[PDB]
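> this one's experimental. Sequence and coordinates below.
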Amino acid sequence: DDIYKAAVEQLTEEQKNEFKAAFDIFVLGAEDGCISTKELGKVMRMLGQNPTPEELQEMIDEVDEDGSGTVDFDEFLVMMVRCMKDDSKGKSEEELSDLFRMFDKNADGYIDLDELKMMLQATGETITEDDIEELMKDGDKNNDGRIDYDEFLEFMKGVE
Amino acid sequence: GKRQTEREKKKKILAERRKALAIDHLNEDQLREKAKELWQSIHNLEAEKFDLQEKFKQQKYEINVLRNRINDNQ
Amino acid sequence: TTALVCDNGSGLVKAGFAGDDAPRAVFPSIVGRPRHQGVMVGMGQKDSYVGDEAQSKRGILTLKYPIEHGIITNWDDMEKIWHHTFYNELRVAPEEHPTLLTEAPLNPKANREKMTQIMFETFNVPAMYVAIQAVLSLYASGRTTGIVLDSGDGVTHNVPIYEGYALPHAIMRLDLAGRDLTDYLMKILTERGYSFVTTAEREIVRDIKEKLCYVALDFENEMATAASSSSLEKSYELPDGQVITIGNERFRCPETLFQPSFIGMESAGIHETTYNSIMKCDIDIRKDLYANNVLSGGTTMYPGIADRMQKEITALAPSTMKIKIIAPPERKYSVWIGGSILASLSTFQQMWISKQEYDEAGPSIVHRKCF
Amino acid sequence: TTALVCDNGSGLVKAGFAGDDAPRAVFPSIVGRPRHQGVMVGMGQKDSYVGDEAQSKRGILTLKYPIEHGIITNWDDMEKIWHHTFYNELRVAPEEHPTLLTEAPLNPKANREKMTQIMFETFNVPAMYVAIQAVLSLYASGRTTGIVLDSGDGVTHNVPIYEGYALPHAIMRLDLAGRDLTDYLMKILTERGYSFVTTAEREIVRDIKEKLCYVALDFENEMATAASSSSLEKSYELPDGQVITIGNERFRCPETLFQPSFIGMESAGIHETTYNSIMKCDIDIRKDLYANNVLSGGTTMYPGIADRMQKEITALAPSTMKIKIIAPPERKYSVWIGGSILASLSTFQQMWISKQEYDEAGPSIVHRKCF
Amino acid sequence: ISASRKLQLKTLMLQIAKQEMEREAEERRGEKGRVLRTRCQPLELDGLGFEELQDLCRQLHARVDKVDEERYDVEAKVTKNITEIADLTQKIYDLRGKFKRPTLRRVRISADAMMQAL
Ligand SMILES: Nc1ncnc2c1ncn2[C@@H]1O[C@H](COP(=O)(O)OP(=O)(O)O)[C@@H](O)[C@H]1O
Ligand SMILES: Nc1ncnc2c1ncn2[C@@H]1O[C@H](COP(=O)(O)OP(=O)(O)O)[C@@H](O)[C@H]1O
Ligand SMILES: [Mg+2]
Ligand SMILES: [Mg+2]
């Protein structure tokens, strides 16, 4: 999603200075050979300002998900995006509204549970303990089984 | 809401949009060109109005979900 | 298309499409302008909250009913109430739906004519018809005879009907109703220390009346019992705490119906105006009216009224006749159910006041053949 | 352009551009002329040090606040303070910036009119607007209802608001505030031997009050405990050494808020004027005010006040209502944050008192529609 | 119940939703294109007296004006729905802005960083 655009916009002025200065300060080498392939934590330490942890965790996991374990120029941009606020910031709430509109193209007065059933079916994600639990919990945010608009509205928001 | 006024605005627009055409002030082929111009302009108008109906349907979506939320608040 | 069965009433507006069992939207008929100044900017504060919205913001409003006693005293507010009812509680434009209003008997003509003029000019309905509030309540019971006592919130009227032929000379309309009982309850609560004055606190007193008051089977015995024991004192929690205890105010508030001398009214109670309305009828249909006495309207929902009224009438009536009081559980919406039934009839489909007819004869068409 | 959200206050002037999170420059509002003779020539000695400069040379000055209790008693000094605030702490000429002053409720008119006249004639701003100090503190909490107790340093006032409609008949303004607590602390410190008299040493007593004093959850138990053990005696180092030990003076200084009889004031504490302010409101909005009690102002920063006040109100209030006390961590600057939010609104952009309007109606424009 | 599983699940379903939104958008695009195509009423432009030409284009003008009038009325209707949506948005923003109204502001400028200059 917004990941590639955030990487592209990293070509800027404030984050360019941030990346260059970070490299000049605490990316130098001349170690004992421990291979700081995990210098992500070192950079988090040497930042002087830690951003919200979601950036850190998404970078820790999703980067080199194949197990590359290495940070490139583009991955330097990824880490620096993690440093500044290059986030999509919850995407567009217009997109959330449009999605919920497509959900109630049947116009159930709310996104029905079977909307979620078919959407998970399309996504094909394995039905774990998280699956079905999340759907019922969002629908039964009243804990009464009635799915309302604001329930899934806040369920989907805050995410990119 | 005072339909005489709103219909009056509509009539003002239409008479304004009554771009009546003259006789020896256009060419036969030029008249064809103007006809196609109206054709395409109204086609775009129809597309915009269809999207307008779509967004109105989405407005009705918001109306029903909103009033249902309101009832749930009681 | 379907017809809109609106029922203005006085205290609760009940509306819904013809052919159902219950009204779709029921909400108090009050329009309350804010009275304080207001300091928050951009809060989106409107100039008048109508319907059920003004029963939640009633702490800073001055609610005022637009219908006093059947008649309508404030036409702008009534127009606002109708506009709300059509557009927000039913969401059906009136340009495509016939309407069936209801009106109390013996009301001023100008009220009815203005009602039809509004419905035809402002809302621009296809056709509207005005019906007497008691004939509908007789429809809902599935009868065709009987004398119906429709004790609403504005006005109590008692229309006798036989074999479908209404008796216009025997209608006894009395202006004591639920609102006067609310005021009298609010006035006798002051004997314990609780003072309700604001027009918003009238709603609290109304809730007390609905939830606690009941009609005593025998008044003197209850007055004696409540003055010795304490088995009657029921408590109730105000909207902020400070529970209150109602003693013998419980059955003294609705007793005003059978003794209108309590609020200074001269006339006789609802137990004796029914007997008088019967005795004005012919001598050969009195047995049927005795056997088919019908109750309707909201105020006849007090627990224990269908027995007190029967006891009183049996005391008044000759000993041989059988006195039976029909009190269906769906009393409150009886008028509207009857209205739905009447609007759903095929034989009635040509009685509407069509718009072209109004254009030819003016608003005075309602008094003409299309009644 | 951007608006200047100034906030005169009494004790700390807080200012900054609209749309930020915290005031740009916060400094005490004191103007102190030197009092000794002065023998060094050419030292560049000025005739009056204002703001934070006079808190460093306070050893040879006579500091005097220009605002006593909300009202302004010395207009020349206040003009000097404003001039300093605009030119040296923000460095923005006022000719190109709207201003949003703040004023306590129930203040004399002449104070407000003189304030607007100064802002329009001397500093020559484009447009200025005066707002009540409690509505802003309600803005900052993100609420729209609630009763806010804004216990500043000059005056403590308690403005209840519901749904954006302020209730002008329920404002309870009390003149006990941080300054009287400083004087009372300075008066009870003499019971151990420490005498502070000079107007410069009032600042030292203020620092003692800020750093050591706390509000006791239960007064008698604390008085008994401090009189037996010695676990409360906290020491503090004066600006020259000679540490002092504060015993049960710690929770006796801020206790004056809940028992104004200590400093001889008749009125009831801040725990009971809030309940009285609520009870003057209508009967249907008391639950919401109970649930959304807001604290603001500097003096409400004592450690342990949000529990003492809740305990007291729960004792006074009916047992069913839920009592909740909103005490945001950014209490001190709550009024200014609210002021920034209000000045940043688009709907508010046409409420400013434009200069041409002042030229047409004189300084009395402030009491008019542009409030 | 694991946070990682929840993140994976919501991410996958949200991307499915985004893809279906793009599909809905392009399907609407095709609908509108076909709709305009079938709206067109072609005319036999040749072999007519030029006066017939002017008359025919005038008929087109009349139909065009009436069509734009229908679009006007529906635009007004959706505008009223917009006003109602604004009212309901005001309602919900009232109920939630009682707690989150001033969230619109400008923060984090100079006090946070410029600190040792004084
Ligand atoms: N359950 C109840 N018990 C006692 N009184 C009631 C009850 N419900 C309604 N009422 C009284 O009846 C009134 C409503 O009467 P209603 O039939 O709605 O009048 P209208 O004929 O105008 O519709 C209320 O004002 C209330 O005082
Ligand atoms: N952390 C604190 N603890 C206790 N009291 C404080 C604290 N900070 C400020 N005060 C008191 O509050 C006063 C400042 O209040 P303030 O809110 O600045 O008043 P104003 O409303 O005039 O701005 C100071 O005089 C001080 O006595
Ligand atoms: Mg009725
Ligand atoms: Mg203050």
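Noted; the coordinates are in hand. Numbers count the residues shown, from 1 in each chain, chains lettered A, B, ... in the order given. Ligands and ions are numbered 1, 2, ... in the order given.

> so which bits of chain C are right by ligand 1?
Residues of chain C lying near ligand 1 by CB under 6 Å from any ligand atom: C:9-12, C:152-154, C:178, C:182, C:206, C:209-210, C:297-299, C:301-302, C:332. Every C-beta, even on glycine, is put in place using the N, C-alpha and C of the backbone.

> run the last query once more with 8 Å
C:7-14, C:29, C:67, C:133, C:150, C:152-154, C:177-179, C:181-182, C:206, C:209-211, C:213, C:254, C:297-299, C:301-303, C:332, C:335 (CB under 8 Å from any ligand atom).

> and the nearest residue to residue C:361 once chain neighbours are set aside, how many neighbours?
Leaving aside its sequence neighbours, residue C:361 sits nearest to residue C:368 (CB to CB, 6 or more residues apart in numbering or on different chains; 6.9 Å). As a burial measure, residue C:368 scores 10 neighbours (other CB atoms under 10 Å in any protein chain shown).

> go ahead and confirm residue C:368 touches residue C:362.
No. If you go by CB atoms under 8 Å, residue C:368 and residue C:362 don't touch, sitting 10.3 Å apart.

> quick revisit: out of the residues of chain C next to ligand 1, name the ones that lie in helices.
If you go by DSSP state H, the residues of chain C next to ligand 1 have C:133, C:178-179, C:181-182, C:206, C:209-211, C:335 in helices.

> please write out the alpha-carbon positions of the helix or strand in which residue C:289 is found in CSV.
Using DSSP states H and E, residue C:289 maps to helix C:286-291. The C-alpha trace of helix C:286-291 is given here as CSV (Å, rounded to 0.1, in the frame of the first residue of the first chain):
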residue,chain,number,x,y,z
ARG,C,286,-80.0,1.4,25.0
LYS,C,287,-79.5,-2.3,25.8
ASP,C,288,-77.0,-2.7,23.0
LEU,C,289,-75.1,0.5,24.1
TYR,C,290,-75.1,-0.8,27.6
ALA,C,291,-73.6,-4.1,26.5
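
> ok, residue C:212 - contacts?
Contacts of residue C:212 were listed using CB atoms under 8 Å, 6 or more residues apart in numbering or on different chains, and they are C:234, C:236, C:246, C:250.

> tell me which entries of those residues lie within helices.
residue C:250.

> from the contacts of residue C:212, which two are the most distant?
Of all pairs drawn from the contacts of residue C:212, the one with the longest distance (CB to CB) is C:236 and C:250, at 10.6 Å.

> in terms of neighbours, single out the busier of those two.
Counted by other CB under 10 Å, residue C:236 and residue C:250 do not tie: residue C:250 has more neighbours, with 22 against 13.

> for chain E, which residue gets nearest to chain C?
residue E:90 (3.8 Å; CB to the nearest CB).

> doesn't residue C:44 make contact with that residue?
Yes. With contact defined as CB under 8 Å, residue E:90 reaches residue C:44; the gap is 3.8 Å.

> and the one helix or strand residue A:44 maps to, how far out from the chain's middle?
Element membership of residue A:44 [criterion: DSSP H and E] is helix A:39-46. Computed by CA atoms, centre = their mean, to the nearest Å, the chain-centroid distance of helix A:39-46 equals 19 Å.

> the helix or strand following it vs helix A:39-46, what angle?
Downstream of helix A:39-46, the first helix or strand assigned by DSSP H and E is helix A:53-62. With axes from the mean of the first three to the mean of the last three CA atoms, to 10 degrees as the basis, helix A:53-62 and helix A:39-46 are set at 160 degrees to each other.

> buried residues in helix A:53-62?
A:55-56, A:58-59 (16 or more other CB atoms under 10 Å in any protein chain shown).

> how about the residues you listed in a markdown table, adding distance to residue C:345?
Formatted as a markdown table, the buried residues of helix A:53-62 follow (distance: CB to CB, whole Å):
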| residue | distance to residue C:345 |
| --- | --- |
| A:55 | 70 |
| A:56 | 73 |
| A:58 | 68 |
| A:59 | 73 |
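
> in these, find the pair that's most separated.
A:56 and A:58 (7.5 Å).

> anything in contact with each of these two?
Common neighbours of residue A:56 and residue A:58 (CB under 8 Å, 6+ apart) are residue A:82.

> and the helices in chain E?
Going by DSSP H, chain E shows helices at E:3-39, E:50-100.

> distance to residue A:155 and mean neighbour count added to these, as TSV?
Formatted as TSV, those follow (distance: least, CB to CB, whole Å; neighbours: other CB atoms under 10 Å in any protein chain shown):
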stretch	distance to residue A:155	mean neighbour count
helix E:3-39	9	14
helix E:50-100	16	15
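
> backbone dihedrals for residue C:221, both of them.
phi -60, psi -40 (degrees, to the nearest 10).

> what residues does chain A put near chain B?
A:97, A:101, A:104, A:107, A:109-110, A:142, A:146, A:148-150 (CB under 8 Å from any CB of the partner chain).

> mind listing which of the residues you listed are in helices?
Per DSSP H, the residues of chain A next to chain B map to helices at A:97, A:101, A:149-150.

> now, which of the residues you listed sits nearest ligand 3?
residue A:149 (36.4 Å; CB to the ion).

> list the contacts for that closest one?
Contacts of residue A:149 (CB under 8 Å, 6+ apart): A:100, A:110-111, B:65-66, B:68-69.
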